[PDB]
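Undergrad: Structure, please.
(5 chains, ligands or ions: 1)
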Amino acid sequence: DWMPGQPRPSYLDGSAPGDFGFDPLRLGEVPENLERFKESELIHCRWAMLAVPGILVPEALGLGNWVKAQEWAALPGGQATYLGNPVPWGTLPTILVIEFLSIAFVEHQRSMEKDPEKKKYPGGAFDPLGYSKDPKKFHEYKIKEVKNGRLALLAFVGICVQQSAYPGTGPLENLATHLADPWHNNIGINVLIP
Amino acid sequence: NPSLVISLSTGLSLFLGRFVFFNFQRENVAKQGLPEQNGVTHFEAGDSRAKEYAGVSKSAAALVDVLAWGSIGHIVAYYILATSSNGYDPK
Amino acid sequence: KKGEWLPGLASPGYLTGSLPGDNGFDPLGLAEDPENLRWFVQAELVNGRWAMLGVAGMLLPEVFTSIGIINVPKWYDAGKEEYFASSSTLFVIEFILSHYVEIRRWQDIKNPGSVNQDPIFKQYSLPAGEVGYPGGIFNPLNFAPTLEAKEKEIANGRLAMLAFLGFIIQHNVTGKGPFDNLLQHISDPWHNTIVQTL
Amino acid sequence: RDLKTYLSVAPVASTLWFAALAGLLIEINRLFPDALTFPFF
Amino acid sequence: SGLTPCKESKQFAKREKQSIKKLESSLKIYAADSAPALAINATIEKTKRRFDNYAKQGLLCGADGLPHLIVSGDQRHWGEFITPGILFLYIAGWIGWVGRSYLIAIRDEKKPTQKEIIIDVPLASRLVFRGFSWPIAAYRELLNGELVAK
Ligand SMILES: CC1=C[C@H](O)CC(C)(C)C1/C=C/C(C)=C/C=C/C(C)=C/C=C/C=C(C)/C=C/C=C(C)/C=C/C1=C(C)C[C@H](O)CC1(C)C
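TA: Numbering: from 1, shown residues only, chains lettered A, B, ... in the order given. Find the structure here:
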C-alpha cells in the first residue's frame, strides 16, 4: 500500500516496476488495458524527461520562455532561430512537414509490435551500453526510470499551470519570484484574490 | 508557388502509402472484412467486387491504392497552395 | 446506573453505557446504527477538542488584554493585516499540513493500523489500542488514559462547544467581546441580558 | 373518547395541519411583507 | 447585469411616485379621521416601506422600472436566489425525510394502510424533529439509503 493503510487492488502485487498500488479508478482491472497503460506511462514519461530540460535549460540562457520560442511561428516569415541564427529550415511549413513526416514514421514503427511492444523496453540499438545485460540490475533501472519519469511528468504540469495565470511565464523565473519574497509570493496568492 | 508542390505531396503520400503505412492498412482491412447483411451481401445484390481490376503485378500495390493516396496527396497539396495566397493574418 | 439526560425517560438501547460520557442522549436516533455511532464518537472528540482550544484561545487573550498584561486584538479581528506573510500563504500552509495530518487519523479510523512510518525511517512507532486516543509521543506525560478520565475530556468538549456556539452568536447582536459581554452583564445583570440586546 | 380522537387524525389532520401552516405563513407575511429576498445573510 | 441599480433608477422612482398618488387620490373622498383613511394611509406606508427595502438591498431594476433577479451565482445576489433556496431544500428535505421515516415505521405492521389513512400522531410527533438533522441522511446513504432489490 502506498496510501498508508489502504488495501492494495487485486491485480497489483507490487511486482511491476513503479507499482505502488495506486489506481483509485481501477482503470487497470482489464489486463489488456493495463498492459497498454504500462506502455503509455513510459512513453509519456520519456518525453517529459526530455521536455523539462528542453524547456528549462534555454531559459537559463536566452530562451526567455518555451512559450516565447513558439512566438515567431505566428507571424509570417518566422524565421525563428536556434541560437541567434535564422534557419536552416526556418519557415513553419517546412518544419511542420519535416516534423509530421519524420515523426509519423518513427512512431508508426512502434505500431508494428508484438511481445508487448517488445515489453516497452525494446533494448535493441537502444541499449547499446546494454545496461539490461543483468536481470537484477535491469529491474532496478526500470524503477529509476519510472520514478524519474513520474517526477518529470508532474513537473511539466506545474509548468503549464504556473505558465497559466502567470502568462509572464518564468518557470525558472517564478522560482526567483518565489525566492525573493517566498512568503508573500506563492501559489496561495494565486489561489485567491487581488 | 508553382504546380511542383502538387507533385511532391502526391509523391510523398504515394511513398508513404507504398512503404510506410502499407502493411498496417491492409492488416486492418482484413480484420474489418467486407460488409455483410446477415452475412456477405453478394447473395442477392447483383453487385459484387471486381477481383481483376483489383489485381496488380507490382509486388504489393494496386491501382485503387494509387487513387486514394494520390487523392490525399492532391488534397493536402491544394491545401497548402490555398493557405499560401490567402495571406490570412491573425493577432 | 448511568446518567439520564432526562430523568423520567429511558435510555436508547444502542447506548450500552460502555461509552464515556453516555447519558442516554440520542433523541433523534442519529446513533442507532453502530457504525454511525463510532464515527460520531470520533467526531465528537475532535469537534470537542478544537472547541477547547478555540474557546480558550478566544477568551483568555480578551481577558488578559483588559487586565493590561498584554495587548492583542479581539479574536474576531486577528484576521486583518499585521502578520509576517500574507493571509494566503498561511492558508495554503495550514491546508497542506492539516491535509496531511488528517487524511491521516482517517486511516486509523477505517482500519486501526497506521501507527508505524515514524518518522520516514521506521524506527519509531505508536503502541496502544483505542481509536481517537493515540499514545506514544502524543502522551508525553503518560497520564493514565483512564476511562472516566476520558469522561472529563468529553464534558469539557461538550461544554466548550456551547461556549463556542455562545461566542459566535453572542458576537453578533452584541458587536462586542465575550469578556466584554460578561462585564456588561456583571455590571448590572437585570438590565443586561438577551432581552435588552435583542 | 379514544374514538373521537380517532375521527380526528383522519383527513381532518390535513386541514388542522394546513390551517396551522396558513396561519403561520400569514403572520410571517404580516410581520415581513413584500419580501423578494432574504436580506439577513 | 445590463441593468442599473434600483437605488439609481428613474423608472423605479416613478412607480413608487405614481402608486402613492393613486392611493392618495382615494384618500380624498373619505375625509380625515376615518377608518378607510387609516387603512389607505397604512397601505401608503406599506408601499413606501416596500420600495425602500428593494433599493436598500441592492436589487437591480430593468428599463421597465421593476427589480430583476440574478441567479447566476453572483455573490452580491445570493439573497435573490441561493440563500432562500438552500433554505427551501432544507425544509423540503425535512418534510420528505420525516415522511419516509413514518412509512418505514409503519411498513412492518398489522394493516399498514390503516395508518396511512388514519395517522399515528404519537408516532408522527416523535419523528417530526428528526428532519432537523435530515442532512445526516447522507450517512444513511453510505449504507442503507436505497433498496438493493431494484
Ligand atoms: C447531540 C445531538 C444528537 C441528538 O439526537 C440531536 C441533537 C440534540 C440535535 C444533537 C445535537 C448536539 C449539538 C447541538 C452539537 C453541537 C456542537 C457544537 C456547537 C460544536 C461546536 C464546535 C466549535 C468549534 C469546533 C470551534 C472551534 C473554534 C476555534 C478553534 C477558533 C479558533 C480561533 C481563535 C482561537 C481565535 C481567532 O480570532 C478566531 C478563530 C480563528 C476562529
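Undergrad: any idea which residue sits dead centre in the chain?
TA: No chain specified, so I'll use chain A. residue A:48 (1.4 Å; CA atoms, centre = their mean).
Undergrad: should've been chain D
TA: Centre-nearest of chain D using CA atoms, centre = their mean is residue D:21, 1.1 Å out.
Undergrad: The helix or strand harbouring that one and chain C in contact?
TA: Following DSSP states H and E, one finds residue D:21 within helix D:12-31. No. Judged by CB under 8 Å from any CB of the partner chain, helix D:12-31 makes no contact with chain C; its nearest approach is 15.2 Å. (Each C-beta comes from the backbone N, C-alpha and C, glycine too.)
Undergrad: So what touches that helix?
TA: D:8, E:119, E:121 (CB atoms under 8 Å, 6 or more residues apart in numbering or on different chains).
Undergrad: So which of these sit within helices?
TA: Using DSSP state H, the members of the contacts of helix D:12-31 that fall in helices are residue E:121.
Undergrad: Pick out the residue nearest the middle of chain E.
TA: Centre-nearest of chain E using CA atoms, centre = their mean is residue E:84, 6.7 Å out.
Undergrad: Quick check: closest non-adjacent residue to that residue.
TA: What sits nearest to residue E:84 in space, not counting adjacent residues and going by CB to CB, 6 or more residues apart in numbering or on different chains, is residue D:38, at 4.8 Å.
Undergrad: ok, back up a step: just name the closest of the contacts of helix D:12-31 to chain B, please.
TA: residue E:119 (62.7 Å; CB to the nearest CB).
Undergrad: and the closest one, how far is that from residue D:41?
TA: 38 Å (CB to CB, to the nearest Å).
Undergrad: The two: which is more packed in?
TA: residue E:119 (19 against 6; other CB atoms under 10 Å in any protein chain shown).
Undergrad: Surely the more buried one and residue D:6 touch.
TA: No. Contact criterion CB atoms under 8 Å: residue E:119 and residue D:6 do not qualify, at 10.4 Å.
Undergrad: Helix or strand: which one has the residue nearest to residue E:84?
TA: Applying DSSP H and E, one finds residue D:38 in no helix or strand.
Undergrad: Contacts only, for it.
TA: Here residue D:38 is in contact with E:79, E:83, E:84, E:87 (CB under 8 Å, 6+ apart).
Undergrad: Let's verify the residue nearest to residue E:101 when sequence neighbours are not counted: helix, strand, or coil?
TA: Closest residue to residue E:101 apart from its sequence neighbours, by CB to CB, 6+ apart: residue E:127 at 4.5 Å. Recorded secondary structure, residue E:127: helix (DSSP: H, G, I helix; E, B strand; the rest coil).
Undergrad: Around residue C:126, how many other residues sit close by?
TA: A count of nearby residues for residue C:126, using other CB under 10 Å, gives 16.
Undergrad: go on, the one 10 residues further on?
TA: Counted with other CB under 10 Å, residues neighbouring residue C:136 total 14.
Undergrad: Just give the closest residue to it, not the sequence neighbours.
TA: Closest residue to residue C:136 apart from its sequence neighbours, by CB to CB, 6+ apart: residue C:126 at 4.0 Å.
Undergrad: In this structure the one you found contacts residue C:115, no?
TA: Yes. Counting by CB under 8 Å, residue C:115 is a contact partner of residue C:126 at 3.9 Å.
Undergrad: Overlap of the contact sets of those two?
TA: Joint contacts of residue C:126 and residue C:115 (CB under 8 Å, 6+ apart) are C:134, C:136.
Undergrad: just to revisit the earlier point, so which elements touch whichever strand or helix holds the residue nearest to the centre of chain A?
TA: Per DSSP H and E: residue A:48 is located in helix A:31-60. For helix A:31-60, the elements it packs on are helix A:66-74, helix A:115-119, helix A:135-163, helix A:171-180, judged by 3 or more CB pairs under 8 Å, 6 or more residues apart in numbering or on different chains; DSSP states H and E.
Undergrad: okay, the angle between whatever helix or strand comes next after the first one and helix A:66-74?
TA: Along the chain past helix A:66-74, the next helix or strand (assigned with DSSP H and E) turns out to be helix A:92-110. For the pair helix A:92-110 and helix A:66-74, the angle between their directions (axes from the mean of the first three to the mean of the last three CA atoms, to 10 degrees) equals 120 degrees.
Undergrad: For helix A:92-110, buried residues please.
TA: A:92, A:97 (16 or more other CB atoms under 10 Å in any protein chain shown).
Undergrad: for stretch C:87-96, same thing?
TA: Buried residues in stretch C:87-96, counted by 16+ other CB under 10 Å: C:88, C:89, C:92.
Undergrad: which residues sit in contact with the first one?
TA: For residue C:88, the contacting residues are A:186, A:188, A:189, A:191, A:192, taking CB under 8 Å, 6+ apart as the criterion.
Undergrad: List buried residues within those residues.
TA: Buried members of these, counted by 16+ other CB under 10 Å: A:186, A:188, A:189.
Undergrad: Mind checking which of those are in strands?
TA: Among those, no member falls in strands (DSSP state E).
Undergrad: and which of these is nearest chain C?
TA: Out of the buried ones among the contacts of residue C:88, the member with the shortest distance to chain C (by CB to the nearest CB) is residue A:188, at 3.5 Å.
Undergrad: So that closest one is in contact with residue C:92, correct?
TA: Yes. Counting by CB under 8 Å, residue A:188 touches residue C:92, with 3.9 Å between them.
Undergrad: quick one, phi psi at the residue nearest to residue E:84?
TA: Dihedral angles of residue D:38 (phi, psi; degrees, to the nearest 10) stand at phi -100, psi 110.
Undergrad: gap between it and residue A:190?
TA: For residue D:38, the distance to residue A:190 - CB to CB - is 33 Å.
Undergrad: Now do the contacts for the spatially closest residue to residue A:138 that is not a sequence neighbour.
TA: Distances taken as CB to CB, 6+ apart place residue A:132 nearest to residue A:138, at 4.3 Å, with adjacent residues excluded. Counting by CB under 8 Å, 6+ apart, residue A:132 makes contact with A:121, A:123, A:138, A:141.
Undergrad: Residue D:6 now?
TA: residue E:118.
Undergrad: The residue of chain D found nearest the ligand: which element?
TA: Nearest residue of chain D to the ligand, counting by CB to the nearest ligand atom: residue D:41, 19.0 Å away. Taking DSSP H and E as the definition, residue D:41 sits outside all helices and strands.
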